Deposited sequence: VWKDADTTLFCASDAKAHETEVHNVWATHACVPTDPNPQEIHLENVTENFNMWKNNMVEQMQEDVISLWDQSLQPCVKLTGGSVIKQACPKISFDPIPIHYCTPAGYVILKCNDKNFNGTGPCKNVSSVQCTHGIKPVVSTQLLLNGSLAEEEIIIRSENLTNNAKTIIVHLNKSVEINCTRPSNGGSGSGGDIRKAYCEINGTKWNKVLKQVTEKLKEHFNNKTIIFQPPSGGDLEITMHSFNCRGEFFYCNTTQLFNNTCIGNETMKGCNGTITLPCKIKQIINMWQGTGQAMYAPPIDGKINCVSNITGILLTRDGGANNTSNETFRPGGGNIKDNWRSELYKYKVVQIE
């Protein structure tokens, strides 16, 4: 028998001790090696109680990704306004596993269409999660895992427009971002196949209808707020990219290549909440990153319970929701 508990987890990874990349460096001294023979025990006739929006596992990943960025990504000016060293780095996230110490176990929901909250019929017990890459981004969830069957709408409270929505895709759409080798060093662009993106976006529209009484589904650009939230921001090879996602939410098409205009920025608002700092100028050459879009962060407009329209805008900024989208199927329990 077991009870719900919060505990201190430990991480594991396949960090190459030989490597210079900051995530390997970090994982080398912070995580143990992954179990080469991991076990998973199906619990027969067991139904358990999950809640992705209240899982302590998410607060502990957050704490780790902070520690990683604070030792890896050093700005040149920070805080008492300090000026320090900010050397260009090798940067490419690696998968991190989370594991329970003695006397505890992780329970896993295997229901193909589990939404992140409620009971789950097909449960197993494992010692570690799967490998999760700590990808920090807004608007679009990159390089995650995909839903196994249908698209999944996740939200702490659908009818409450203040709660963020996580759309979990079942089909990946590549986004391909380049700061060309050669001139404005800060100009970049992301290409997305519009045929692939618009088909999937229309699948989310029809999915959102099941949950919003077949009311009309409308997308719009974010009304305002932080640059970090009104644009798709993320880190590619150590450079901070800020991309304009207007064309991604073009209701007109719900057929060609979509090119988003992007800006590499040096003055950032730290998602760690540590303020505004200045990073180093970009490395020379073709800065390129190809990522899989595997989810979308949305906020529904308020004040439309009168109309038969429902508007959604790509949002985010709470980086913990990025960790939730991968830990939603797990929860820690204590064994007596």
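No C-alpha positions are given in the record for the deposited-sequence stretches 80-82, 186-191, 264-271.
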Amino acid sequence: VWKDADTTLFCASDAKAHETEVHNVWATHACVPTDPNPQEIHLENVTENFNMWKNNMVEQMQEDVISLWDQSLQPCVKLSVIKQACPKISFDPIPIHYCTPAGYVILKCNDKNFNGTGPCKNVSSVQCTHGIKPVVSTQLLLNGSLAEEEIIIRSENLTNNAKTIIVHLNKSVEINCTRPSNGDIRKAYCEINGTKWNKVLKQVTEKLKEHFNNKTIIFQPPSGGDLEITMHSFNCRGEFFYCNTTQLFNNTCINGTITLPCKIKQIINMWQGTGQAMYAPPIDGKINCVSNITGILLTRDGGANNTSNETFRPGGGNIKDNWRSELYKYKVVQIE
From here on, numbers count along this sequence of modelled residues.
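Relative to one another, 33-41 and 59-67 have unequal mean CA B-factors, and 33-41 is the one with the higher figure. Set 91-99 against 243-251 and average the Cα temperature factors; 243-251 ends up higher. If you compare the C-alpha temperature factors of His130, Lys108, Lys133, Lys83 in the entry, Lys83 comes out highest. For the set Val126, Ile165, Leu260, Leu79, the PDB entry assigns the largest Cα B-factor to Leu79. The PDB entry assigns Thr205 a C-alpha temperature factor belonging to the middle third of its chain's modelled residues. Placement of the Cα temperature factor of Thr299 within the chain: middle third of the modelled residues, per the deposited record.
The entry lists a Cα temperature factor for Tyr189 that places it in the middle third of the chain's modelled residues. Ranked by C-alpha B-factor against the other modelled residues of its chain, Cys120 falls in the highest third. Sort the chain's modelled residues by C-alpha temperature factor and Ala277 lands in the middle third, per the entry.
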